[PDB]
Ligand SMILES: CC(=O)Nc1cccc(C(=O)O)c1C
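Okay, here we've got a single chain as structure tokens, the form deposited without 3-acetamido-2-methylbenzoic acid, with questions on binding and movement later.
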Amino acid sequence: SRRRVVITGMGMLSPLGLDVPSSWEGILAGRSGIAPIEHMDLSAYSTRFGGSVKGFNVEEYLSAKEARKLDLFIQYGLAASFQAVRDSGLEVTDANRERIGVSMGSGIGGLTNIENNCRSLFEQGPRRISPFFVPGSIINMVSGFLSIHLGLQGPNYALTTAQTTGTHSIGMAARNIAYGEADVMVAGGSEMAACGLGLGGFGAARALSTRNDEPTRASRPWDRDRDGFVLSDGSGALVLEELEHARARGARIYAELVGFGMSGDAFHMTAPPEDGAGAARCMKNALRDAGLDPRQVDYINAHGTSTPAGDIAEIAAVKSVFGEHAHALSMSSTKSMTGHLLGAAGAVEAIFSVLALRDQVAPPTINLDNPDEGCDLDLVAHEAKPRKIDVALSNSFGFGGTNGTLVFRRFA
């Protein structure tokens, strides 16, 4: 019968910091992590900036010998996972290792690695492909490598649901525990899609902000002058735990995961419907899953990608789900500061939603100078808003019309 699930550990690499507290400090201070990209030449690209992870040292986590075999998205995923597990205080034993699993996902996975091996194949031939090309690039190897290093013998898998990956990964890991398949799950996602194919590929679709001359002002969710999303890199990981197992070991509990919804738009490969019908269905599934009156919702960490269509669809979804209470809750997009971490989006934003509950503060939407037509809710423009938050909701929407919603509340 269905068990309760709490958050006892979190971990992160973001464009604002190499852990949670440094990332969170940046969020509350309204700081942008967006900057011209330095790790490659982008003069031929329409977009030349993004949220890079700055000064990441993999040797805080892994031997240079193992690190060399792994795409950055895996290094980022393991870093966030290791932080989350350490932060949880949990010790892995023969008694519990079969009951601890991992679900760390990615939207695109090892694109840099596949690109670099593609260049070796084309310039030199197949004999120059790394022997580590497959284990070092494919999306499930965050879950795999993490299980090997820590001895996790529980459910071991990975989701790939584009920009919804992190939310789905956390949601379904919670279901694992809820239904007794595991007592502990490390869940979230990682992304590093800032290579030629990534920036080029989103470039070709005309999906990215081209504001190359003012990168910190590019990501401006619901601003009338927004021109697409800002591509960003990193990882979020949470330790999810059965409540009684957490109480049994005297775990510090950040919050309770009370609600998970999924829906498909069944509308368009890449465009959300203007009315946010699928987002609405998703949030309603989540609230019913949590047993909540929608008026209990205090804070929404929006998907809020800074696209023309996605942003307005979210307002429509929120107004349709919350009616008049849509004017009382606070909604913000931390993507205003971090940019869009794609598959890791839902993972870092679930962490911000939990830290919103711990600290009783709504993070800001920076750059919201001129709210667009119909965008007339509390969008926490410019500056963090201290306020009562009992219930926090985190939304993700992806290519394929794939929707995810997480519902967190304060735990006593």
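Note that residue numbering begins at 1 and tracks the sequence as displayed.
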| item | value |
| --- | --- |
| Mean C-alpha B-factor comparison - 90-98 and 188-196, higher one | 90-98 |
| Higher-scoring stretch by recorded Cα B factor average, 341-349 or 357-365 | 357-365 |
| Top Cα B factor in the deposited entry, candidates 81, 334, 124, 75 | 124 |
| Top residue by Cα temperature factor, when 115, 256, 233, 71 are compared in the entry | 115 |
| Entry-reported Cα temperature factor of residue 175, expressed as the chain third it lands in | middle |
| Lowest, middle or highest third - CA B-factor, residue 322 | highest |
| Within-chain third of residue 303 by Cα B-factor, per the entry | lowest |
| Ranked C-alpha temperature factor of residue 275 among modelled chain residues, by third | highest |
| Residue 201, C-alpha B-factor rank within chain (lowest, middle or highest third) | middle |
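Although not depicted, the form deposited with 3-acetamido-2-methylbenzoic acid bound is the subject of the following passage.
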property: Listed residue (75, 307, 330, 143) with a non-hydrogen atom within 4.5 angstroms of 3-acetamido-2-methylbenzoic acid in the deposited bound form; result: 307
property: Distance check, residue 242 to 3-acetamido-2-methylbenzoic acid in the deposited bound form, heavy atom within 4.5 Å; result: no
property: 4.5 Å heavy atom contact, residue 338 and 3-acetamido-2-methylbenzoic acid in the deposited bound form; result: no
property: 4.5 Å heavy atom contact, residue 256 and 3-acetamido-2-methylbenzoic acid in the deposited bound form; result: no
property: Distance check, residue 334 to 3-acetamido-2-methylbenzoic acid in the deposited bound form, heavy atom within 4.5 Å; result: no
property: Neighbours of 3-acetamido-2-methylbenzoic acid in the deposited bound form among 153-177 [non-hydrogen atom within 4.5 angstroms]; result: 163
